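Below is one structure, written out as structure tokens; the observations come after it.
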Amino acid sequence: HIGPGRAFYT
Amino acid sequence: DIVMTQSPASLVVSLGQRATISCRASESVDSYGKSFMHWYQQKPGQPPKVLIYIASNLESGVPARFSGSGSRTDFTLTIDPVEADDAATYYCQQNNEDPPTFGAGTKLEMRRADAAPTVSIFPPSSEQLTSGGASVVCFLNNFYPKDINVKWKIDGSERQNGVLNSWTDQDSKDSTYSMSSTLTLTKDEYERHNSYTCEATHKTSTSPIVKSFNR
Amino acid sequence: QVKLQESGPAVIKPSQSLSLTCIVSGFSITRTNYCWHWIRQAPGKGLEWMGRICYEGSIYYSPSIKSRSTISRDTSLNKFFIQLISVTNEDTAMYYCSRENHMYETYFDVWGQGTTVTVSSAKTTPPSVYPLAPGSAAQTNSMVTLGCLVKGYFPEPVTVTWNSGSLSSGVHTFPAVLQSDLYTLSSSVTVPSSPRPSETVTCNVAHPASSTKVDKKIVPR
């Protein structure tokens, strides 16, 4: 899962 | 993960000219149809400054003369006309997937008309002498280009060693360099010799610029 | 508006825990979308990413730091940290914290100044400031150069200003160089030959790792 938001996807 | 490959590693471009730095990514740094790689500039002892984000978009304040191009794996920062201030390292970074990664940096040093060094020699301050030490100091200020040779001639004798050399980085207003030599002696050592001299030899004058004093 | 200030020890003995603190100010750690990063740049090298902690607590570490690292925050003080266990010389670097809009922008828009960290067994020793007054020479054109010798301090860094920031032009301040675990540095100011000696010129050097701050007026010889 790439891109912006990637980090806090959940 | 992506490894970001900047090239050239360094380059010398003259004022008004164009420089082209390029950054290649091992894999695509694209998502939502945007390329998530950015360029930064770091003047010495400054935090990196963003220049261009998401491959083409210019950050506020950054002047007209910065151009962000490319996509997928191929990206180009172009500065034209180069001027004074751009004497800096430029990094590109991707931040499309973990971990984010940076390029190795490209140092832009840049070209101006060859200036010759204002040299200045300074004897020991009394304070140091008091403390048994003696440093003689020669400032070879404001020149271009950087390659300059200094010769520390005390009483006819080049004192080979006991000397320290530091050069500024390029000035971001007149593009020059400057450097300092510190010949360091023991009080007594200094106390047994009437002349000290630094001889700058450098492109601009074939004739070594000599400056000296009585001990 | 936003400020970030890194704080940490100037020097630390090999094989001990480096713990830095990044202090966001004037904006909260927890406003959504921002993630807060740590970036380090070893001298004369590139920036290298170390890890981030996103506004809502998700943490992520560069492999290489992963197993010797711990990124934690303190929501109430509005600061975050990092611990680097069993430091070595490759930990000697400039450490920066910056801010990222992770939802709309992807890039590091604010960055603190960065502190420096030297991993070494050496002693922090304070600096001697010596005035450099032209050995006996007035009528030297319309300009005089004067300088300060800052000899023998450790760890880096030193701030040096002239006349407390008021002389901004003509100043050069040369990189500290090593003399077997001790630093020497120098700075020059060129000034029209009428305010020196007539007016006062003073260099101001501060060497925070030892809280030495000394002013030195360059008097004629």
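Restricting to segment B:101-129, what's the tally of residues that are more than 30 Å from C:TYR60 (Cα to Cα), facing chain C (nearest Cβ under 10 Å) and not in a loop (DSSP other than H, G, I, E, B)?
The total comes to 9.
C:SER98 passes all but one of (1) outside any strand (DSSP E or B); (2) of a type in the set (S, T, N, Q); (3) within 9 Å of another protein chain (Cβ to nearest Cβ); (4) under 30 Å from C:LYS13 (Cα atoms); which number fails?
Exception for C:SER98: condition (1).
Under 9 Å between Cβ atoms, which residue pairs at least 6 apart in sequence (or on different chains) link something in segment B:135-147 that is touching a residue at least 60 places away in the same chain (Cβ under 8 Å) with a partner that is buried (at least 24 other Cβ atoms within 10 Å of the Cβ) and among the acidic types (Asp, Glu)?
none
Could you please find all residues in segment C:112-145 being of a type in the set (A, V, I, L, M, F, W, C), in contact with a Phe, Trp or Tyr (Cβ under 8 Å, 6 or more places away or on another chain), more than 30 Å from C:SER98 (Cα to Cα) and not in a loop (DSSP other than H, G, I, E, B)?
C:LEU132
Considering each of C:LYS151, C:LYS123 in turn, give the residue that is closer than 21 Å to C:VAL214 by Cβ, at the interface with chain B (Cβ under 9 Å from one of its Cβ atoms), of a type outside the set (A, V, I, L, M) and under 19 Å from the mean Cα position of the chain (by Cα).
Unique residue meeting the criteria: C:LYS151.
What tally of residues in segment C:92-115 results from selecting those that are over 25 Å from C:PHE27 (Cβ atoms) and either surrounded by fewer than 20 Cβ atoms within 10 Å (Cβ to Cβ) or without any contact (Cβ under 8 Å) to a residue 24 or more places away in the chain (or both)?
Result for segment C:92-115: 0.
Restricting to segment C:20-72, count the residues that are in a strand (DSSP E or B), surrounded by 15 or more Cβ atoms within 10 Å (Cβ to Cβ) and more than 12 Å from chain A (Cβ to nearest Cβ).
16
If you check C:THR145 against the conditions, is it surrounded by 12 or more Cβ atoms within 10 Å (Cβ to Cβ), out of contact with any helix residue (DSSP H, G or I) (no Cβ under 8 Å at 6 or more places or on another chain) and β-branched (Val, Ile, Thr)?
yes
Of the residues in segment B:85-100, how many are assigned to a strand (DSSP E or B) and small (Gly, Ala, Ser)?
Residues flagged as assigned to a strand (DSSP E or B) and small (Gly, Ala, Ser) within segment B:85-100 amount to 1.
Note that we place each Cβ from the backbone using ideal geometry, even for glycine, and neighbour counts take in every protein chain shown. Every number here is computed from the coordinates shown, using simple stated rules; none is lab data.
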